[PDB]
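Okay, so here's the structure we're looking at.
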Amino acid sequence: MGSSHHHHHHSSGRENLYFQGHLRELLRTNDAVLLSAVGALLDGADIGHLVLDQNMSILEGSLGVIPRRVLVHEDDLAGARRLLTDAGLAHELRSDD
């Protein structure tokens, strides 16, 4: 019981000497369409994102009781915001203020 799972991947490129954090806030909205657009953009580029603030059940959603907020991993913090600005829409973007 338990086959020999032996894989190997050699990669050592730890040149990132900074970035003490993890997550930063990008934008927010309750609009299902906008949330789908931004989601597809980040998902399509394999960008580690977080749009799950709170999620209302799929049994007929409300008009604006549950708003979501879009964060991404600081690994691609500038990259995701670059994408959303350059080839997304650039509008509801907020900073870590």
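Chain lettering (A, B, ...) mirrors the order of the structure tokens, residue numbering begins at 1 for each chain separately, and ligand numbering begins at 1 in order of display.
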
_Spatial neighbours of residue 31 (chain A), 9 Å, only C-alpha atoms, chain gap at least 3 places, as a PyMOL selection string_ = chain A and resi 34-36+63-64+67-68

Which polymer residues have any atom within 7 Å of an atom of region 44-50 of chain A, counting only C-alpha atoms, with same-chain residues fewer than 2 positions away left out, as a CSV table (one decimal) with C-alpha atoms, in the first residue's frame?
chain,number,residue,atom,x,y,z
A,40,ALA,CA,-11.6,35.6,-15.3
A,41,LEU,CA,-8.7,38.1,-15.9
A,42,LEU,CA,-6.7,37.0,-12.9
A,52,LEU,CA,-13.8,35.7,-1.4
A,70,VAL,CA,-10.5,41.6,-4.7
A,71,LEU,CA,-7.0,41.0,-3.3
A,72,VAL,CA,-4.0,39.3,-4.9
A,73,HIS,CA,-0.7,37.7,-3.7
A,76,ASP,CA,2.2,39.2,-8.5
A,80,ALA,CA,-2.2,41.7,-11.4

*If you run DSSP on this backbone, which residues of region 35-76 of chain A come out as alpha helix (DSSP H), and could you give them as a PyMOL selection string?*
chain A and resi 35-44

*as a ChimeraX atom specification, please: all residues of region 21-94 of chain A that backbone DSSP puts in strand (DSSP E).*
/A:23-29,49-50,68-73

Please produce a file of those selected residues containing N, CA and C atoms, as a PDB file, in the first residue's frame.
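Saved as part-v4.pdb:
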ATOM      1  N   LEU A  23      -0.510  39.845   1.251  1.00  0.00           N
ATOM      2  CA  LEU A  23      -1.701  40.231   0.497  1.00  0.00           C
ATOM      3  C   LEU A  23      -1.920  41.741   0.527  1.00  0.00           C
ATOM      4  N   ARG A  24      -2.394  42.281  -0.589  1.00  0.00           N
ATOM      5  CA  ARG A  24      -2.794  43.683  -0.660  1.00  0.00           C
ATOM      6  C   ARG A  24      -4.135  43.800  -1.368  1.00  0.00           C
ATOM      7  N   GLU A  25      -4.918  44.789  -0.970  1.00  0.00           N
ATOM      8  CA  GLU A  25      -6.257  44.994  -1.508  1.00  0.00           C
ATOM      9  C   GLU A  25      -6.196  45.742  -2.843  1.00  0.00           C
ATOM     10  N   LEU A  26      -6.983  45.292  -3.816  1.00  0.00           N
ATOM     11  CA  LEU A  26      -6.994  45.913  -5.134  1.00  0.00           C
ATOM     12  C   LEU A  26      -8.264  46.725  -5.358  1.00  0.00           C
ATOM     13  N   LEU A  27      -9.406  46.054  -5.412  1.00  0.00           N
ATOM     14  CA  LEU A  27     -10.670  46.734  -5.667  1.00  0.00           C
ATOM     15  C   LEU A  27     -11.814  46.049  -4.931  1.00  0.00           C
ATOM     16  N   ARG A  28     -13.009  46.615  -5.042  1.00  0.00           N
ATOM     17  CA  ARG A  28     -14.184  46.078  -4.367  1.00  0.00           C
ATOM     18  C   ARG A  28     -15.434  46.350  -5.191  1.00  0.00           C
ATOM     19  N   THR A  29     -16.449  45.515  -5.013  1.00  0.00           N
ATOM     20  CA  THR A  29     -17.725  45.695  -5.686  1.00  0.00           C
ATOM     21  C   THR A  29     -18.677  44.559  -5.318  1.00  0.00           C
ATOM     22  N   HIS A  49      -5.171  35.026  -6.519  1.00  0.00           N
ATOM     23  CA  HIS A  49      -6.048  36.111  -6.116  1.00  0.00           C
ATOM     24  C   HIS A  49      -7.003  35.674  -5.011  1.00  0.00           C
ATOM     25  N   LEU A  50      -7.642  36.655  -4.396  1.00  0.00           N
ATOM     26  CA  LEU A  50      -8.616  36.426  -3.340  1.00  0.00           C
ATOM     27  C   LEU A  50      -9.803  37.364  -3.526  1.00  0.00           C
ATOM     28  N   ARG A  68     -18.073  42.034  -2.270  1.00  0.00           N
ATOM     29  CA  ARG A  68     -16.808  41.314  -2.278  1.00  0.00           C
ATOM     30  C   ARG A  68     -15.657  42.282  -2.510  1.00  0.00           C
ATOM     31  N   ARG A  69     -14.454  41.858  -2.155  1.00  0.00           N
ATOM     32  CA  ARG A  69     -13.269  42.663  -2.388  1.00  0.00           C
ATOM     33  C   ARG A  69     -12.173  41.797  -2.991  1.00  0.00           C
ATOM     34  N   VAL A  70     -11.444  42.362  -3.935  1.00  0.00           N
ATOM     35  CA  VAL A  70     -10.459  41.615  -4.693  1.00  0.00           C
ATOM     36  C   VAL A  70      -9.046  41.927  -4.220  1.00  0.00           C
ATOM     37  N   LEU A  71      -8.380  40.913  -3.695  1.00  0.00           N
ATOM     38  CA  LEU A  71      -6.982  41.009  -3.314  1.00  0.00           C
ATOM     39  C   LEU A  71      -6.171  40.025  -4.144  1.00  0.00           C
ATOM     40  N   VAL A  72      -4.863  40.215  -4.203  1.00  0.00           N
ATOM     41  CA  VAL A  72      -3.990  39.257  -4.873  1.00  0.00           C
ATOM     42  C   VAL A  72      -2.737  39.025  -4.045  1.00  0.00           C
ATOM     43  N   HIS A  73      -1.989  37.996  -4.403  1.00  0.00           N
ATOM     44  CA  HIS A  73      -0.740  37.689  -3.728  1.00  0.00           C
ATOM     45  C   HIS A  73       0.310  38.711  -4.130  1.00  0.00           C
TER      46      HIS A  73
END
